[PDB]
Amino acid sequence: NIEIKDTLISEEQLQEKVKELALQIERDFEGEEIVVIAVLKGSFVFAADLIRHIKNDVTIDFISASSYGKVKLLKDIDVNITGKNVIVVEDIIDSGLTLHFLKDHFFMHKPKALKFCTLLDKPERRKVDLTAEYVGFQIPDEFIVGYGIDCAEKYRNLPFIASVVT
Amino acid sequence: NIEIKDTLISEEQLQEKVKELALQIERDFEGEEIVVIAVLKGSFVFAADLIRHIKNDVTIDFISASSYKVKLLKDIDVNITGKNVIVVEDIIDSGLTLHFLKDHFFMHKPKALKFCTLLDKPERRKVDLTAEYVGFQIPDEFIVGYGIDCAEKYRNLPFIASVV
Amino acid sequence: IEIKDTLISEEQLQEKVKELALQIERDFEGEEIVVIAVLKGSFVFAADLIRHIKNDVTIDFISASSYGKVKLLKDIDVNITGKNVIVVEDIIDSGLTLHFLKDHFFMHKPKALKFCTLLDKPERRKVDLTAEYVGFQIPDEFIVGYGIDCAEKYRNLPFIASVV
Amino acid sequence: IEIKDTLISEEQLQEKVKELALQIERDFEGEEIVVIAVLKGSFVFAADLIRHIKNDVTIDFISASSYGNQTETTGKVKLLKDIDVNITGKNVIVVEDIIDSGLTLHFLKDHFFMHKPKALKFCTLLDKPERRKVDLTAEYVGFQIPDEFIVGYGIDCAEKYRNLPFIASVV
């Protein structure tokens, strides 16, 4: 069985960091529209919170992919990102394989700018070069859950981020 | 050219009502697992806030559909057979997509299938459909915010507003 | 994976396809038909079958799989409401996936809904589902060819064969 | 919508399909091939072509939809159904009914190249090269047709006429 071990990032710490990241995004794209693309499923909570602190004209869409072995696209975007500022939102980036493929895919739409925003980053686990421009936290725990992130579809409802162990 | 007119439901009114619905849901399914299925795209904010107030074991998934009957764009991945299912929507107006989704999910043989909508425009119905959980019944006007768009705009407002 | 014995020759397939087409043509004389092919295997049979049908035909495709419950991967785009529908399959064994697909389509209120399969294995049924049009009924458990694969291979054989 | 004249008969189509299959066979002698058919209009042509190819063939399908105005000037399309099979390091032939402006297929070409295939070639039943808005030369071509509306052999006019066993012009 899997059980929660420790709280890694509290609800308050998460909201403070989301505010911090929204502010940086607002400054980096001051006076401009932004298109925010959330990578399903785990990033939806972070995205929901993040966009509510971004006051720019924001368009939101979702993308779904699953990798194997390149990467298969399950649900492509509907919105137009050609000539637009795009921020792709993720819960965690570790190997970076899926996101690297999404990056090339979005570049084919010829956006004005394409940046990646991840709540959590594990750069040490990279299998390809993919540097996120916005990173909430760098957390070392092996199995992380909460705030949209699951373990075997469980724990996405926690309002904080926790570690789990066997 | 669309502009915000008035705030219809404030950020605080929304969070008060979200807590109330969550408590209702927790009581209705006390001691049981629940599967929450959010109807994309506009329900994702409501869903994110709602599930954070539900302490039951929760599984979440998403469905995408559109009118042409209703066309299913993205079906669920999770198992709902023998499970308690709550389908979460931003607004129910005609009730058509949701009625179809109801028949669709019933084919999976869930233990229970309930609908939870933040907003309801009951004057807009095209088929009989009553959501078990309804945040607010509202006038039939154009609204935006809290996940809900007007031509892809305004989903980022933390409140619900009317537009003109 | 090696090919063993030819079970149904290219010639036998073509003779049978013509027979089924004639049957369909008389069952829907003077009427339009929507042919829906269940991806992927059935595309070859469907391509051949419709080319022998003189009626005005509309074609579309559906994709669905088991959860191990049938998951809808790709829904239809065309209007079948009030139309004559023939769902085309390569093989019907359990009928599970096609029974689900049958209720799904019925949600669209077609005028008629019939099933047409190249091969039928009624002895493998796990739900009642009778195909109105059936090409062959053979017992061979592992077959490839004419759209049917073994691990994605051999769909291109112009005949149906057993594999070892 | 009325059928004018038969442009290419059932028999003529099958003779060129056979010839294309032979070309493909000699170009990939001794190798596996992955054939990707672009839905929906290419399914008949694909069904016929693969049955004349002796190589180990894997088939899959891709479906894309336009974004509206932009697609007609940039070819940008949304992937509705992506491929399931692996094409990394594989010989890939993308099968189409018609190439006109070539904008959409050029986009799809870039998508496939992202999977790093060993080879990537395009095979179209019909070609209208004088309608190109981007450089895209199909390695395998059935026929050039003088810009009309044509139907049959998987190709529709408002979802109609895909079941004709021949290609015909339509008024």
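Chain letters run A, B, ... following the sequence lines, proteins first and then strands; every chain starts at 1.
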Looking only at heavy atoms, what is the nearest atom pair of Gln13(B) and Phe136(B), with distance?
O-CZ, 3.9 Å
Hey, is the main chain of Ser163(A) close enough, under 3.5 Å, to the side chain of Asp6(A) for a donor-acceptor pair?
no
For each of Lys55(A), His53(A), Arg52(A), tally heavy-atom pairs with chain B at distances under 4.5 Å, and name the one with the top tally.
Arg52(A)
Is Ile54(B) close to chain A through its backbone or its side chain, or both, or neither, when contacts mean heavy atoms under 4.5 Å?
backbone
Pair count under 4.5 Å, heavy atoms only, with chain B: among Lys41(A), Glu11(A), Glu33(A), highest is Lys41(A)
Contacting region of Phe46(B) [heavy-atom separation from chain A under 4.5 Å]:
neither
Side chain / backbone / both / neither for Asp149(B) at chain A, heavy atoms under 4.5 Å
neither
Those residues of residues 73-103 of chain A, ordered by number, that approach chain B below 4.5 Å (heavy atom to heavy atom)
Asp78(A), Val79(A)
Check: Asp49(A) side chain, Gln15(A) main-chain N or O, donor-acceptor pair, under 3.5 Å
no
Hey, is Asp121(A) close enough to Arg126(A) for a salt bridge, meaning N to O under 4.0 Å?
yes
Would you say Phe62(A) and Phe44(B) make side-chain contact, with heavy atoms under 4.5 Å?
yes
For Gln24(A) and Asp28(A), test the side chains for any donor-to-acceptor distance below 3.5 angstrom and give the result as yes or no.
yes
Using 0.5 Å steps for rounding, measure from the NZ atom of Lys5(B) to the CD atom of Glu3(B).
10.0 Å
Under a 4.0 Å threshold between the charged nitrogen and the carboxylate oxygen, would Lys17(A) count as salt-bridged to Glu20(A)?
yes
Is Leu40(B) close to chain A through its backbone or its side chain, or both, or neither, when contacts mean heavy atoms under 4.5 Å?
side chain
Between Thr7(A) (side chain) and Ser10(A) (backbone), is there a donor-acceptor pair under 3.5 Å?
no
